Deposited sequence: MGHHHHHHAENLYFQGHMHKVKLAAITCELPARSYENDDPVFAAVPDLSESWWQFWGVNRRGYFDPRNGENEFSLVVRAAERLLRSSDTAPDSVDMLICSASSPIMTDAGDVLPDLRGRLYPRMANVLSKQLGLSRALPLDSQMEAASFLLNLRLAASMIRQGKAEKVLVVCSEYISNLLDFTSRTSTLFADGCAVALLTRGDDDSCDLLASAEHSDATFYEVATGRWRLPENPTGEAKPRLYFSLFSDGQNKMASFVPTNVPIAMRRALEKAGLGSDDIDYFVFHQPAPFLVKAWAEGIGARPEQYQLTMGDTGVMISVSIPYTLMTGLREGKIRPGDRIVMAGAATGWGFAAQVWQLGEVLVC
């Protein structure tokens, strides 16, 4: 042995289970919801790669909370995870506006605070879970996997439930072309201390660059093309850089691979954030990934901010593109801006 004493070892991190929950209703590109949007064209739709997308229908009980409760309860039951065995719950929600607190705070309606984790832990009976609400916009699923992994590695949690819930439609200005790509959805994943080496987070790399912070914001403003006595709302806002996002996700992937001691040729499959086909392709070509090594999934879902990555991971697993034992890279960009990449050795992941 290397020493007479034994070396400490960080715990292996198992990605144990994943599920998503999407809106029941889908909206096509010629749906009347876009009737007040100017400057649309088939070239616009063909460019961004979205053919249909979902928006939560709160009148029918769909919102950022209710669909998470449904998905998390399903995943806990399917994965045979006792509620009291969850040590930490990490939630993200890119819209500042939340709308439902279940049976915990039943009289609260539209709200800025609190966020989700504490109320969700009470709703689900996660009596031992430390609740945390984190924000890294479209990279939040990766941030939460990184936070969970570090807690598990250092022996500070044995089971961590991760939630991303995107009610972006409550910030979209449907008098503006800025409303036409983003969409709603939810994802839930369970990470645990591994009992073997079949699964682990081999390395990750996160970095940020705020040079173009002002380009993509949430701003209190009137609609872009208002009618009548329009009121100010919090709206996604786009202000007027070409190579910035194309190059920085490969930078993050290269750093993560270097930290893992691997090259791109060692990677079986890639999972990317899904902002636009040209961007995914640029990221893939920047790291050496062939089209047979990743999926484009925004076509039928829209761009679900932080949920695009977990949805695409789930799709790849469900369709057999990603298999037990695979090494994968997950990577994306986020407004702010932020970039994240992770190199995983995957075992068996429960899709439920």
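Trainee: Given the full deposited sequence, which segments carry no C-alpha coordinates?
Mentor: Missing CA coords at 1 to 8, 249 to 253.
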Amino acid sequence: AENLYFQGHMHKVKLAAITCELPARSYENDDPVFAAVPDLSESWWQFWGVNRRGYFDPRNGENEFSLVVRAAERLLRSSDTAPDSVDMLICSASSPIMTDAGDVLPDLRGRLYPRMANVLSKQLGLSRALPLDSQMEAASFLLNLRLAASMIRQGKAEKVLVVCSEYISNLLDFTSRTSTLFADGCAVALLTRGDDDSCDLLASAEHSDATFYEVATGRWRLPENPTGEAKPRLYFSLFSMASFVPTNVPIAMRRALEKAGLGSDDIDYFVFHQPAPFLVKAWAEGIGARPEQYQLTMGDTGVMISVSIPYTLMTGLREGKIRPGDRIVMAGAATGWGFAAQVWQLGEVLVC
From here on, numbers count along this sequence of modelled residues.
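Trainee: Return whichever of 310 to 318 and 52 to 60 has the greater mean Cα B factor according to the PDB record.
Mentor: Stretch with the higher mean C-alpha B-factor: 52 to 60.
Trainee: Please work out which of 230 to 238 and 207 to 215 has the higher mean CA B-factor as recorded in the PDB entry.
Mentor: Looking at the record's C-alpha B-factors, the answer is 230 to 238.
Trainee: Between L75, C199, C186, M116, which one tops the list for Cα B-factor in this entry?
Mentor: Of the candidates given, the C-alpha B-factor peaks at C199.
Trainee: With respect to the C-alpha temperature factors reported in the PDB entry, which of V303, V33, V68, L296 ranks highest?
Mentor: Out of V303, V33, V68, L296, the record gives the largest C-alpha B-factor to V33.
Trainee: Quick check for you: using the entry's CA B-factors within this chain, is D173 in the lowest, middle or highest third?
Mentor: Tercile = middle for this residue's CA B-factor.
Trainee: Could you tell me which third, lowest, middle or highest, the C-alpha B-factor of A24 occupies within its chain?
Mentor: Within its chain, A24 is a highest-third residue by C-alpha B-factor, going by the deposited values.
Trainee: Among the modelled residues of this chain, does the Cα B factor of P275 put it in the lowest, middle or highest third?
Mentor: According to the entry, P275 has a C-alpha B-factor in the chain's middle third.
Trainee: Taking the entry's C-alpha B-factors for this chain, is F182 in the lowest, middle or highest third?
Mentor: According to the entry, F182 has a C-alpha B-factor in the chain's middle third.
Trainee: Can you tell me whether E166 has a C-alpha B-factor in the lowest, middle or highest third compared with the other modelled residues of the same chain?
Mentor: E166: CA B-factor falls in the lowest third of its chain.
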